[PDB]
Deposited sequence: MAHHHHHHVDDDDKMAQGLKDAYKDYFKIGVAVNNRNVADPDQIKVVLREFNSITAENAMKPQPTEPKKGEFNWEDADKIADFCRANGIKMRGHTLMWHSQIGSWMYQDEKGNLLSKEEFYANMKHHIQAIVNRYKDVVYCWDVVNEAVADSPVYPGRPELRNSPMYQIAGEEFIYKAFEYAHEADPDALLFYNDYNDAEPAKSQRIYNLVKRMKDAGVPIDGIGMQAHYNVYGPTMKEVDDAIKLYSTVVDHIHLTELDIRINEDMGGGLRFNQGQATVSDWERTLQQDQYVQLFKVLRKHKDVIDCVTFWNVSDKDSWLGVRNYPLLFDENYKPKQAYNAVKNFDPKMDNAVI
């Protein structure tokens, strides 16, 4: 009886996984106990699935979908478009045409969405498209990636349209980090507003939630959720973790209260938040290394004092 069961009347609890998390008994016992949603940490990203034009690799992603199919869990599909882990070929030495690009993007999205539409319930369609903060008013709100350089903001719209065609029943999200920062969260809102007003097919906003001990206050996070709440009916925390920096009893206490504060805020917003997904299973497999003591499971795949606090609430 784990996390998922505790938050059953609030929202799903999920976890990004790697090949070994769904292949090793000791880790599998944990994942099934605690979570009712799964994200591929890497296996559905654009370079991992299409490292050359038209040459799809489904090996790693299939294992993970397999695991979900079998245990009656639905997946989040992480991501269809992103300026990282992407094959240069999609957008180029020279940049390609809007049209040659849209085709590479349409071909890719449509394949992958169709392939896993039976397990994926939602898709992080575009990732990290909004620009980092300091944006001096009037200057471009979006990150100047190659895709933007070719399409401008239009490529995001196409990506959401292309994925909607391939599966009309999936919830399609825009996903980003520094989601609770005022300026950036305002920019995110602006983007999604534009899409809503144009009638582009977006459903939800993905809050990465790469937080830390000193980074955002609970006010900031509760604010951004209200702001986002007024443009979309679906919010996921998508890659949650709380790094201690930027091994003491004190730091451990600090991280504990944040996690406890954070889940108080999200419980209040149960009705718009459908999912809270931790970025890795345990500190062992955290992308931030174990130095950062970032998750509710320690390097032995065992719960920390913080685990019981978050779980035994009310």
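S.K.: Ranges lacking C-alpha coordinates, please, mapped onto the deposited sequence and listed in sequence order.
M.R.: Comparing the full sequence with the modelled residues, the uncovered ranges come out as 1 to 16, 109 to 111, 266 to 279, 348 to 355.
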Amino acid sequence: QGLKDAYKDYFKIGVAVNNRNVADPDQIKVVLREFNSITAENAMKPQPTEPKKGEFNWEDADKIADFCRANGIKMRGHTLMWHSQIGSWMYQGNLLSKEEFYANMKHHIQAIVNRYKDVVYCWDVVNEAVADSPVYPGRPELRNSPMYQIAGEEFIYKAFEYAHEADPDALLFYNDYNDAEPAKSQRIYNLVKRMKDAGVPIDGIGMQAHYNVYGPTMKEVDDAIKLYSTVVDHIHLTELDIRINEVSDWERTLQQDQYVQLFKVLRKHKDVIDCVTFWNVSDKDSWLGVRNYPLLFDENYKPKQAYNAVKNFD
From here on, numbers count along this sequence of modelled residues.
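S.K.: Comparing average C-alpha B factors as deposited, tell me which of 218 to 226 and 203 to 211 sits higher.
M.R.: Stretch with the greater average CA B-factor: 218 to 226.
S.K.: Mean CA B-factor: is it higher for 100 to 108 or for 122 to 130?
M.R.: Higher mean C-alpha B-factor: 100 to 108.
S.K.: Whose C-alpha has the highest temperature factor in the PDB entry: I86, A166, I188, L80?
M.R.: So the option with the highest C-alpha B-factor is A166.
S.K.: I'd like to know which of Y91, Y177, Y116, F173 has the highest C-alpha temperature factor in the PDB entry.
M.R.: Checking the PDB record, the top C-alpha B-factor among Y91, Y177, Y116, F173 is at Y91.
S.K.: Which third of the chain does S37 land in by C-alpha B-factor: lowest, middle or highest?
M.R.: Ranked within chain, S37 CA B lands in the lowest tercile.
S.K.: Quick check on the deposited entry: does the C-alpha B-factor of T253 sit in the lowest, middle or highest third of its chain?
M.R.: Middle third, going by the recorded CA B-factors of the chain.
S.K.: Taking the C-alpha B-factors as the PDB entry records them, is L95 in the lowest, middle or highest third of its chain?
M.R.: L95: CA B-factor falls in the highest third of its chain.
S.K.: C-alpha B factor of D60, ranked within the chain: lowest, middle or highest third?
M.R.: Its C-alpha B-factor belongs to the middle third of this chain's values.
S.K.: In terms of the CA temperature factor given in the entry, to which third of its chain does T238 belong: lowest, middle or highest?
M.R.: Ranked within chain, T238 CA B lands in the lowest tercile.
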